[PDB]
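So the structure is just underneath, and the comments pick up after that.
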Amino acid sequence: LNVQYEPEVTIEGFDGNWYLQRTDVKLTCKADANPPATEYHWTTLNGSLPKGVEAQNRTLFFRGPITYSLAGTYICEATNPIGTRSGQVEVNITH
(Lines of atoms letter the chains of each structure in order from A; the text may use other names.)
(Lines give C-alpha, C1' and ligand atoms only; values in the text may rest on other atoms or scores of the structure.)
Protein backbone atom coordinates (compact mmCIF):
# COMPACT_ATOMS: atom_id res chain seq x y z
CA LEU A 241 0.00 0.00 0.00
CA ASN A 242 0.96 3.68 -0.13
CA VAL A 243 1.48 3.52 3.63
CA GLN A 244 4.07 1.32 5.27
CA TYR A 245 4.27 1.15 9.05
CA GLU A 246 5.81 -1.00 11.74
CA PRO A 247 3.48 -3.74 13.04
CA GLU A 248 0.88 -2.59 15.55
CA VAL A 249 0.93 -5.09 18.40
CA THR A 250 -2.29 -5.55 20.33
CA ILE A 251 -3.45 -7.82 23.15
CA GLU A 252 -6.87 -9.44 23.00
CA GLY A 253 -8.68 -11.77 25.36
CA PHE A 254 -10.20 -11.11 28.75
CA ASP A 255 -10.79 -7.37 28.97
CA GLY A 256 -10.78 -6.32 32.59
CA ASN A 257 -10.05 -7.97 35.93
CA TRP A 258 -9.02 -11.60 35.69
CA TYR A 259 -10.97 -14.08 37.78
CA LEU A 260 -9.32 -17.12 39.34
CA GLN A 261 -12.04 -19.56 38.30
CA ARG A 262 -12.49 -18.71 34.63
CA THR A 263 -11.14 -20.25 31.44
CA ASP A 264 -11.76 -17.00 29.56
CA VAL A 265 -8.42 -15.76 30.85
CA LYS A 266 -6.52 -16.36 27.62
CA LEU A 267 -4.90 -13.66 25.50
CA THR A 268 -4.26 -13.20 21.82
CA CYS A 269 -1.42 -11.15 20.38
CA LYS A 270 -2.00 -9.44 17.06
CA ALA A 271 0.45 -7.42 15.01
CA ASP A 272 -1.14 -5.36 12.26
CA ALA A 273 1.04 -4.05 9.47
CA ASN A 274 0.96 -3.71 5.68
CA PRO A 275 3.06 -6.90 5.40
CA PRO A 276 2.20 -9.62 7.98
CA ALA A 277 5.57 -10.08 9.70
CA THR A 278 9.09 -11.34 9.14
CA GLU A 279 9.59 -12.39 12.75
CA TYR A 280 7.53 -12.84 15.90
CA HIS A 281 8.93 -12.57 19.42
CA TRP A 282 7.06 -13.70 22.51
CA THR A 283 8.47 -12.98 25.97
CA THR A 284 7.18 -12.09 29.41
CA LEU A 285 8.59 -9.50 31.80
CA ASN A 286 10.05 -12.43 33.74
CA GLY A 287 11.67 -13.82 30.61
CA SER A 288 10.07 -17.21 31.21
CA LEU A 289 6.76 -18.94 30.50
CA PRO A 290 4.42 -20.15 33.29
CA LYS A 291 3.32 -23.80 33.43
CA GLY A 292 -0.34 -22.82 33.30
CA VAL A 293 -0.34 -21.34 29.81
CA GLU A 294 -0.33 -23.29 26.55
CA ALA A 295 1.36 -21.16 23.89
CA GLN A 296 0.24 -21.53 20.29
CA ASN A 297 1.70 -19.21 17.64
CA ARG A 298 0.85 -15.62 18.66
CA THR A 299 -1.98 -16.92 20.83
CA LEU A 300 -1.71 -17.22 24.58
CA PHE A 301 -4.12 -19.97 25.50
CA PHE A 302 -4.55 -20.46 29.20
CA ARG A 303 -4.83 -24.12 30.09
CA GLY A 304 -7.66 -23.48 32.51
CA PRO A 305 -8.43 -21.07 35.36
CA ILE A 306 -6.10 -18.15 36.07
CA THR A 307 -3.76 -18.64 39.01
CA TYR A 308 -1.37 -16.40 40.97
CA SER A 309 1.57 -17.82 39.00
CA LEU A 310 -0.17 -16.66 35.81
CA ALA A 311 -0.07 -13.03 36.91
CA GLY A 312 2.45 -10.69 35.32
CA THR A 313 3.29 -8.86 32.11
CA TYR A 314 2.92 -10.72 28.82
CA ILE A 315 4.71 -8.97 25.95
CA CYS A 316 5.13 -9.80 22.27
CA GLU A 317 7.28 -8.19 19.60
CA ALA A 318 6.84 -8.40 15.85
CA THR A 319 9.71 -7.98 13.44
CA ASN A 320 8.86 -6.46 10.08
CA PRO A 321 10.85 -4.70 7.29
CA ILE A 322 9.49 -1.40 8.63
CA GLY A 323 10.57 -2.07 12.20
CA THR A 324 9.88 -3.93 15.43
CA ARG A 325 7.11 -3.13 17.86
CA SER A 326 6.03 -4.80 21.06
CA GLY A 327 2.81 -5.13 23.00
CA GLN A 328 2.36 -6.00 26.63
CA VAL A 329 -0.48 -6.74 29.00
CA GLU A 330 -0.48 -6.93 32.78
CA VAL A 331 -2.63 -9.61 34.33
CA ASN A 332 -3.70 -9.50 37.95
CA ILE A 333 -5.42 -12.21 39.89
CA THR A 334 -8.59 -11.39 41.79
CA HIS A 335 -8.62 -11.36 45.59
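The numbering of the sequence shown is the deposited numbering, which starts it at 241 and goes up by one.
Backbone N, C-alpha and C fix where the C-beta goes; we use that ideal spot for every residue, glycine too.
Exercise for the section: Determine which residues share a DSSP beta bridge with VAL249 and list them. Expected result: For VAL249, the beta-bridge partners assigned by DSSP are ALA271.
Practice task
Would you grab the beta carbon distance between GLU248 and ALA271 for me? Rounded to a whole angstrom, and I think it's under 8 Å.
Solution key: The Cβ separation is near 6 Å, so the contact holds.
Handout entry: Reduced DSSP category for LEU300 - H, G, I as helix; E, B as strand; rest coil
Key = strand
Practice task
Could you tell me which residues DSSP pairs with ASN320 in its beta bridges?
Solution key: For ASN320, which the question treats as bridged, DSSP gives the partners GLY323.
Handout entry: Candidates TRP282, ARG262, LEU289, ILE306, of which the one nearest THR250 by Cα
Key = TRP282
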